[PDB]
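The file entry-v7.pdb contains PDB, C-alpha atoms and all ligand atoms:
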```pdb
MODEL        1
ATOM      1  CA  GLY A 388     192.816  72.945 115.396
ATOM      2  CA  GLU A 389     193.378  71.855 118.956
ATOM      3  CA  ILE A 390     193.828  68.321 117.591
ATOM      4  CA  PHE A 391     196.965  69.452 115.766
ATOM      5  CA  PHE A 392     198.313  70.787 119.105
ATOM      6  CA  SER A 393     197.397  67.765 121.266
ATOM      7  CA  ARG A 394     199.355  64.890 122.765
ATOM      8  CA  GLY A 395     196.248  62.674 122.791
ATOM      9  CA  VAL A 396     192.600  62.662 121.746
ATOM     10  CA  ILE A 397     189.475  61.181 123.348
ATOM     11  CA  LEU A 398     186.814  60.602 120.667
ATOM     12  CA  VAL A 399     183.189  60.664 121.862
ATOM     13  CA  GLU A 400     179.812  60.620 120.121
ATOM     14  CA  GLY A 401     178.213  63.827 121.352
ATOM     15  CA  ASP A 402     177.927  66.783 123.683
ATOM     16  CA  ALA A 403     176.970  64.854 126.822
ATOM     17  CA  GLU A 404     180.230  62.873 126.816
ATOM     18  CA  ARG A 405     182.108  65.991 125.730
ATOM     19  CA  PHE A 406     181.416  67.532 129.133
ATOM     20  CA  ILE A 407     180.900  64.490 131.371
ATOM     21  CA  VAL A 408     184.128  62.669 130.439
ATOM     22  CA  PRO A 409     186.472  65.515 131.547
ATOM     23  CA  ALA A 410     184.510  65.850 134.795
ATOM     24  CA  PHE A 411     185.112  62.165 135.494
ATOM     25  CA  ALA A 412     188.769  62.629 134.510
ATOM     26  CA  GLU A 413     189.264  65.262 137.228
ATOM     27  CA  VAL A 414     187.795  63.109 140.010
ATOM     28  CA  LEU A 415     189.930  60.201 138.750
ATOM     29  CA  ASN A 416     192.949  62.566 139.116
ATOM     30  CA  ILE A 417     193.725  62.236 135.394
ATOM     31  CA  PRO A 418     194.350  65.850 134.329
ATOM     32  CA  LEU A 419     193.466  65.943 130.640
ATOM     33  CA  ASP A 420     194.427  69.561 129.956
ATOM     34  CA  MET A 421     197.742  69.309 131.794
ATOM     35  CA  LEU A 422     198.443  66.083 129.878
ATOM     36  CA  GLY A 423     197.697  67.691 126.504
ATOM     37  CA  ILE A 424     194.636  65.474 125.879
ATOM     38  CA  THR A 425     191.706  66.979 123.946
ATOM     39  CA  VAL A 426     188.131  65.637 123.993
ATOM     40  CA  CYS A 427     186.605  65.667 120.519
ATOM     41  CA  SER A 428     182.960  64.966 119.716
ATOM     42  CA  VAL A 429     182.515  63.348 116.301
ATOM     43  CA  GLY A 430     178.855  64.458 116.327
ATOM     44  CA  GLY A 431     177.399  61.030 115.696
ATOM     45  CA  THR A 432     178.713  57.494 115.382
ATOM     46  CA  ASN A 433     181.099  57.769 112.428
ATOM     47  CA  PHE A 434     184.542  57.557 114.030
ATOM     48  CA  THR A 435     186.340  56.505 110.842
ATOM     49  CA  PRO A 436     187.469  59.960 109.551
ATOM     50  CA  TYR A 437     188.962  60.761 112.960
ATOM     51  CA  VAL A 438     190.781  57.438 113.251
ATOM     52  CA  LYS A 439     192.190  58.099 109.771
ATOM     53  CA  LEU A 440     193.408  61.516 110.932
ATOM     54  CA  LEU A 441     194.994  60.162 114.141
ATOM     55  CA  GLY A 442     196.126  56.724 112.944
ATOM     56  CA  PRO A 443     199.517  55.675 111.619
ATOM     57  CA  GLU A 444     198.814  56.830 108.057
ATOM     58  CA  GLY A 445     197.716  60.220 109.378
ATOM     59  CA  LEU A 446     199.128  62.157 112.331
ATOM     60  CA  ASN A 447     199.851  59.050 114.482
ATOM     61  CA  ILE A 448     198.432  60.547 117.692
ATOM     62  CA  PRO A 449     197.367  58.328 120.632
ATOM     63  CA  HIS A 450     193.586  58.265 120.869
ATOM     64  CA  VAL A 451     190.689  56.339 122.387
ATOM     65  CA  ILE A 452     187.019  55.868 121.461
ATOM     66  CA  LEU A 453     183.893  55.846 123.645
ATOM     67  CA  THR A 454     180.783  54.597 121.879
ATOM     68  CA  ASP A 455     177.423  52.950 122.614
ATOM     69  CA  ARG A 456     176.593  49.335 121.800
ATOM     70  CA  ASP A 457     173.106  50.201 120.447
ATOM     71  CA  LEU A 465     175.788  47.885 114.415
ATOM     72  CA  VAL A 466     178.609  48.794 116.749
ATOM     73  CA  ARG A 467     180.110  45.777 114.992
ATOM     74  CA  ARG A 468     180.277  47.602 111.649
ATOM     75  CA  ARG A 469     181.254  50.886 113.308
ATOM     76  CA  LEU A 470     184.223  49.141 114.950
ATOM     77  CA  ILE A 471     185.209  47.121 111.878
ATOM     78  CA  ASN A 472     185.325  50.447 110.029
ATOM     79  CA  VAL A 473     187.949  51.780 112.444
ATOM     80  CA  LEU A 474     189.779  48.461 112.882
ATOM     81  CA  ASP A 475     190.294  48.350 109.100
ATOM     82  CA  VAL A 476     192.187  51.642 109.537
ATOM     83  CA  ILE A 477     194.106  51.021 112.759
ATOM     84  CA  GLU A 478     194.823  47.352 111.905
ATOM     85  CA  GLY A 479     195.063  47.526 108.121
ATOM     86  CA  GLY A 480     194.831  45.535 106.193
ATOM     87  CA  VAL A 481     193.660  42.551 108.213
ATOM     88  CA  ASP A 482     190.292  40.955 107.593
ATOM     89  CA  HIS A 483     187.756  41.474 110.371
ATOM     90  CA  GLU A 484     184.571  40.402 108.545
ATOM     91  CA  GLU A 485     184.500  36.906 110.051
ATOM     92  CA  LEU A 486     184.401  38.055 113.695
ATOM     93  CA  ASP A 487     181.168  38.202 115.625
ATOM     94  CA  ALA A 488     180.213  41.392 117.445
ATOM     95  CA  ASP A 489     181.704  40.368 120.789
ATOM     96  CA  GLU A 490     184.931  39.323 119.051
ATOM     97  CA  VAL A 491     185.105  42.685 117.250
ATOM     98  CA  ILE A 492     184.469  44.403 120.589
ATOM     99  CA  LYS A 493     187.164  42.570 122.568
ATOM    100  CA  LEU A 494     189.679  43.108 119.749
ATOM    101  CA  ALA A 495     188.887  46.816 119.683
ATOM    102  CA  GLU A 496     189.699  47.260 123.386
ATOM    103  CA  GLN A 497     193.332  46.533 122.514
ATOM    104  CA  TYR A 498     193.405  49.792 120.542
ATOM    105  CA  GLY A 499     191.643  51.824 123.231
ATOM    106  CA  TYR A 500     188.150  51.638 121.711
ATOM    107  CA  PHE A 501     185.538  50.946 124.383
ATOM    108  CA  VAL A 502     181.812  50.256 124.203
ATOM    109  CA  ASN A 503     179.125  50.917 126.795
ATOM    110  CA  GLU A 504     176.294  48.398 126.986
ATOM    111  CA  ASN A 505     173.872  51.167 128.056
ATOM    112  CA  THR A 506     173.523  54.790 127.032
ATOM    113  CA  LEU A 507     175.172  57.380 129.238
ATOM    114  CA  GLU A 508     172.381  59.284 130.965
ATOM    115  CA  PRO A 509     170.204  56.274 131.940
ATOM    116  CA  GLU A 510     173.293  54.517 133.307
ATOM    117  CA  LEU A 511     174.165  57.553 135.435
ATOM    118  CA  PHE A 512     170.578  57.853 136.668
ATOM    119  CA  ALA A 513     170.527  54.198 137.697
ATOM    120  CA  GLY A 514     174.169  54.127 138.795
ATOM    121  CA  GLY A 515     174.074  56.632 141.649
ATOM    122  CA  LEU A 516     173.312  60.065 140.135
ATOM    123  CA  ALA A 517     169.496  59.746 140.309
ATOM    124  CA  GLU A 518     168.877  62.576 142.773
ATOM    125  CA  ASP A 519     171.306  65.082 141.234
ATOM    126  CA  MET A 520     169.795  64.509 137.790
ATOM    127  CA  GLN A 521     166.364  65.199 139.283
ATOM    128  CA  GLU A 522     167.550  68.546 140.632
ATOM    129  CA  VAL A 523     169.005  69.569 137.260
ATOM    130  CA  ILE A 524     165.822  68.618 135.399
ATOM    131  CA  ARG A 525     163.586  70.537 137.813
ATOM    132  CA  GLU A 526     165.857  73.583 137.681
ATOM    133  CA  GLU A 527     166.053  73.557 133.878
ATOM    134  CA  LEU A 528     162.349  72.674 133.405
ATOM    135  CA  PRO A 529     160.663  74.495 136.296
ATOM    136  CA  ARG A 530     157.062  74.163 135.023
ATOM    137  CA  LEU A 531     156.893  70.394 134.510
ATOM    138  CA  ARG A 532     153.385  69.010 134.895
ATOM    139  CA  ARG A 533     152.670  67.209 138.153
ATOM    140  CA  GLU A 534     152.365  63.867 136.337
ATOM    141  CA  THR A 535     155.922  64.186 135.032
ATOM    142  CA  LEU A 536     157.224  65.309 138.419
ATOM    143  CA  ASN A 537     155.613  62.233 139.985
ATOM    144  CA  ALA A 538     157.199  59.910 137.433
ATOM    145  CA  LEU A 539     160.554  61.583 138.102
ATOM    146  CA  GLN A 540     160.241  61.182 141.875
ATOM    147  CA  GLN A 541     159.249  57.571 141.209
ATOM    148  CA  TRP A 542     162.385  56.868 139.153
ATOM    149  CA  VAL A 543     164.537  58.358 141.904
ATOM    150  CA  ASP A 544     162.842  56.132 144.489
ATOM    151  CA  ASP A 545     163.529  53.084 142.284
ATOM    152  CA  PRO A 546     166.144  53.744 139.578
ATOM    153  CA  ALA A 547     165.531  50.197 138.350
ATOM    154  CA  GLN A 548     162.068  51.416 137.251
ATOM    155  CA  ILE A 549     162.584  54.357 134.872
ATOM    156  CA  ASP A 550     160.804  55.499 131.726
ATOM    157  CA  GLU A 551     163.904  55.832 129.570
ATOM    158  CA  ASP A 552     162.057  57.498 126.697
ATOM    159  CA  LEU A 553     160.714  60.238 128.953
ATOM    160  CA  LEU A 554     164.040  60.728 130.745
ATOM    161  CA  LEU A 555     165.878  61.200 127.461
ATOM    162  CA  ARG A 556     163.043  63.381 126.148
ATOM    163  CA  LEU A 557     163.493  65.750 129.082
ATOM    164  CA  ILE A 558     167.294  65.786 128.736
ATOM    165  CA  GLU A 559     167.079  66.486 124.990
ATOM    166  CA  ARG A 560     164.613  69.314 125.696
ATOM    167  CA  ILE A 561     167.131  70.889 128.082
ATOM    168  CA  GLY A 562     169.961  70.235 125.629
ATOM    169  CA  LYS A 563     172.316  67.290 125.993
ATOM    170  CA  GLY A 564     175.360  69.529 126.371
ATOM    171  CA  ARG A 565     173.624  71.967 128.714
ATOM    172  CA  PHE A 566     172.356  69.089 130.858
ATOM    173  CA  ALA A 567     175.780  67.427 131.094
ATOM    174  CA  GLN A 568     177.487  70.684 132.105
ATOM    175  CA  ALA A 569     174.958  71.209 134.910
ATOM    176  CA  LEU A 570     175.445  67.604 136.027
ATOM    177  CA  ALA A 571     179.263  67.632 135.837
ATOM    178  CA  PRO A 572     179.887  69.192 139.318
ATOM    179  CA  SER A 573     178.049  66.236 140.896
ATOM    180  CA  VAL A 574     180.005  63.339 139.414
ATOM    181  CA  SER A 575     182.318  61.463 141.761
ATOM    182  CA  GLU A 576     184.907  58.740 141.345
ATOM    183  CA  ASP A 577     182.661  55.947 142.615
ATOM    184  CA  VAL A 578     179.899  56.481 139.986
ATOM    185  CA  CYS A 579     182.236  56.480 136.964
ATOM    186  CA  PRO A 580     180.996  54.132 134.214
ATOM    187  CA  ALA A 581     183.524  51.400 133.527
ATOM    188  CA  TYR A 582     183.943  52.177 129.827
ATOM    189  CA  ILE A 583     184.860  55.795 130.642
ATOM    190  CA  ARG A 584     187.403  54.781 133.293
ATOM    191  CA  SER A 585     188.880  52.296 130.809
ATOM    192  CA  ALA A 586     189.275  54.910 128.090
ATOM    193  CA  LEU A 587     190.716  57.525 130.439
ATOM    194  CA  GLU A 588     193.284  55.059 131.828
ATOM    195  CA  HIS A 589     194.166  53.838 128.328
ATOM    196  CA  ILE A 590     194.974  57.316 126.982
ATOM    197  CA  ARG A 591     196.701  58.350 130.220
ATOM    198  CA  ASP A 592     198.874  55.234 130.029
ATOM    199  CA  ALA A 593     199.858  55.937 126.416
ATOM    200  CA  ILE A 594     200.906  59.516 127.164
ATOM    201  CA  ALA A 595     202.766  58.555 130.357
ATOM    202  CA  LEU A 596     204.619  55.750 128.551
ATOM    203  CA  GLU A 597     205.883  58.374 126.096
ATOM    204  CA  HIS A 598     207.369  60.373 128.975
ATOM    205  CA  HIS A 599     208.830  57.265 130.654
ATOM    206  CA  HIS A 600     210.729  56.260 127.488
ATOM    207  CA  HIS A 601     213.066  59.241 128.101
ATOM    208  CA  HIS A 602     215.043  56.650 130.142
TER     209      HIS A 602
HETATM  210 MG    MG B 701     179.015  57.099 125.036
HETATM  211 PT    PT B 702     159.075  73.686 131.541
ENDMDL
END
```
Can I see the file as structure tokens?
Ligand SMILES: [Mg+2]
Ligand SMILES: [Pt+2]
Amino acid sequence: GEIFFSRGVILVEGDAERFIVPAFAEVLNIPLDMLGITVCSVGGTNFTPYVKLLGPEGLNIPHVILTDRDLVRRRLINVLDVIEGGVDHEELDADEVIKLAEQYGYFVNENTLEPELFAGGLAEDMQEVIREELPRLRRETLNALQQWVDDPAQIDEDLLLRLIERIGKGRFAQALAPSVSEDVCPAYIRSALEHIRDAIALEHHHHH
């Protein structure tokens, strides 16, 4: 509904990106709402129906994709067949499919979002959210958490994501969003934000 009213669309996998990506946009001084850009969670990893809607045979709306490497090869061939149809992409290896897809604003993260943020400078703020959302954690789990903060290179990823999923991925990301800053922005998110910003700004510039 908002898609039909938007100048651009940022496609993301789930609720964590749905709230974290606009928070990074604001500290990058890229004002998504003022620019008419909507963030849309596809609720999974199937981006193809949305690329069909926004591609040249659909509404022809500038859009970007943020997705996790984890089979990302097939996921990206599925959208490249739409946005670059009908060219064969079957003979490309994964890294070739990935570097082609960046041309269309589709960007892959080599990690998953929350562990990257924990290791990449948001360790202590994520601890405070977890302890506020889960205030009766057993002492063993508190000790492991303090230990990850003291050495974000040593983290139990399964347990971290277990705690975040227990809080709720969307709820957790909203509570974390006020802490994000420009210098801890993951590269794939900065790339996607700049790509969609550039496309919308180029539209305005072409009025002369
Ligand atoms: Mg992601
Ligand atoms: Pt609890």
Once you count all atoms listed in the file, what closest atom pair and distance in Å to one decimal does each residue of chain A within 10 Å of ligand MG 701 (chain B) have, with rows by chain and rising residue number, as a Markdown table?
```
| residue | atom | partner | partner_atom | distance |
| --- | --- | --- | --- | --- |
| A:398 | CA | B:MG701 | MG | 9.6 |
| A:399 | CA | B:MG701 | MG | 6.3 |
| A:400 | CA | B:MG701 | MG | 6.1 |
| A:401 | CA | B:MG701 | MG | 7.7 |
| A:402 | CA | B:MG701 | MG | 9.8 |
| A:403 | CA | B:MG701 | MG | 8.2 |
| A:404 | CA | B:MG701 | MG | 6.2 |
| A:405 | CA | B:MG701 | MG | 9.4 |
| A:407 | CA | B:MG701 | MG | 9.9 |
| A:408 | CA | B:MG701 | MG | 9.3 |
| A:432 | CA | B:MG701 | MG | 9.7 |
| A:452 | CA | B:MG701 | MG | 8.9 |
| A:453 | CA | B:MG701 | MG | 5.2 |
| A:454 | CA | B:MG701 | MG | 4.4 |
| A:455 | CA | B:MG701 | MG | 5.1 |
| A:456 | CA | B:MG701 | MG | 8.8 |
| A:501 | CA | B:MG701 | MG | 9.0 |
| A:502 | CA | B:MG701 | MG | 7.4 |
| A:503 | CA | B:MG701 | MG | 6.4 |
| A:504 | CA | B:MG701 | MG | 9.3 |
| A:505 | CA | B:MG701 | MG | 8.4 |
| A:506 | CA | B:MG701 | MG | 6.3 |
| A:507 | CA | B:MG701 | MG | 5.7 |
| A:508 | CA | B:MG701 | MG | 9.2 |
| A:580 | CA | B:MG701 | MG | 9.8 |
| A:582 | CA | B:MG701 | MG | 8.5 |
| A:583 | CA | B:MG701 | MG | 8.2 |
```
The PyMOL selection byres (((chain A and resi 413-423) around 12) and not hetatm) applied to the shown file, residues as a PyMOL selection string: chain A and resi 389-397+406-412+424-426+448-450+571-580+583-595+597-598
Expected file: the selected residues, C-alpha atoms, as a compact mmCIF listing (two decimals), in the frame of the given file:
```txt
# COMPACT_ATOMS: atom_id res chain seq x y z
CA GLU A 389 193.38 71.86 118.96
CA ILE A 390 193.83 68.32 117.59
CA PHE A 391 196.96 69.45 115.77
CA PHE A 392 198.31 70.79 119.10
CA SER A 393 197.40 67.76 121.27
CA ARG A 394 199.36 64.89 122.76
CA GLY A 395 196.25 62.67 122.79
CA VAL A 396 192.60 62.66 121.75
CA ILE A 397 189.48 61.18 123.35
CA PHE A 406 181.42 67.53 129.13
CA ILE A 407 180.90 64.49 131.37
CA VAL A 408 184.13 62.67 130.44
CA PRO A 409 186.47 65.52 131.55
CA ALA A 410 184.51 65.85 134.79
CA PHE A 411 185.11 62.16 135.49
CA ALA A 412 188.77 62.63 134.51
CA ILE A 424 194.64 65.47 125.88
CA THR A 425 191.71 66.98 123.95
CA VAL A 426 188.13 65.64 123.99
CA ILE A 448 198.43 60.55 117.69
CA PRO A 449 197.37 58.33 120.63
CA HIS A 450 193.59 58.26 120.87
CA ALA A 571 179.26 67.63 135.84
CA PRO A 572 179.89 69.19 139.32
CA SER A 573 178.05 66.24 140.90
CA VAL A 574 180.00 63.34 139.41
CA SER A 575 182.32 61.46 141.76
CA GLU A 576 184.91 58.74 141.34
CA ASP A 577 182.66 55.95 142.62
CA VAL A 578 179.90 56.48 139.99
CA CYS A 579 182.24 56.48 136.96
CA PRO A 580 181.00 54.13 134.21
CA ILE A 583 184.86 55.80 130.64
CA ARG A 584 187.40 54.78 133.29
CA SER A 585 188.88 52.30 130.81
CA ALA A 586 189.28 54.91 128.09
CA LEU A 587 190.72 57.52 130.44
CA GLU A 588 193.28 55.06 131.83
CA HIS A 589 194.17 53.84 128.33
CA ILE A 590 194.97 57.32 126.98
CA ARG A 591 196.70 58.35 130.22
CA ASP A 592 198.87 55.23 130.03
CA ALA A 593 199.86 55.94 126.42
CA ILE A 594 200.91 59.52 127.16
CA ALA A 595 202.77 58.56 130.36
CA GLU A 597 205.88 58.37 126.10
CA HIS A 598 207.37 60.37 128.98
```
Selected by the PyMOL selection byres (((not hetatm)) within 10 of (chain B and resi 702)) in the shown coordinates: which residues, as a ChimeraX atom specification? /A:524-532,557,560-561
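Relative to CA of residue 473 (chain A), CA of residue 388 (chain A) is found at 21.9 Å.
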So, with all atoms listed in the file as the atoms that count, which of A:602, A:493, A:511, A:544 lies closest to residue 567 (chain A)?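 Smallest distance to residue 567 (chain A) is found for A:511.
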In Å, rounded to a single decimal, give me how far CA of residue 444 (chain A) is from CA of residue 476 (chain A).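 Result for CA of residue 476 (chain A) versus CA of residue 444 (chain A): 8.5 Å, one decimal.
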Hey, can I get the axis-aligned box for region 520-538 of chain A? All listed atoms, 6 Å padding on each side, centre and edge lengths in Å to one decimal, as AutoDock Vina command-line options.
```
--center_x 161.1 --center_y 67.2 --center_z 137.0 --size_x 29.4 --size_y 26.6 --size_z 19.2
```
Using CA of residue 435 (chain A) and CA of residue 497 (chain A) as the two end points, give the distance in Å to one decimal.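 Between CA of residue 435 (chain A) and CA of residue 497 (chain A) the gap is 16.9 Å.
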When the PyMOL selection byres (((chain A and resi 538) around 12) and not hetatm) is applied to the file above, which residues end up in the set, as a ChimeraX atom specification? /A:521,531-537,539-546,548-551,553-554,557
From the options A:599, A:510, A:581, A:451, which residue's atoms come nearest to residue 555 (chain A), counting all atoms listed in the file?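 Selected residue with least distance to residue 555 (chain A): A:510.
Residue nearest residue 522 (chain A) within the list A:483, A:494, A:570, A:489: A:570 [criterion: smallest interatomic distance, all atoms listed in the file].
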Residues near residue 484 (chain A), cut-off 10 Å, all atoms listed in the file, skip fewer than 6 positions along chain, as an MDAnalysis selection string: chainID A and resid 467:468 471 475 491
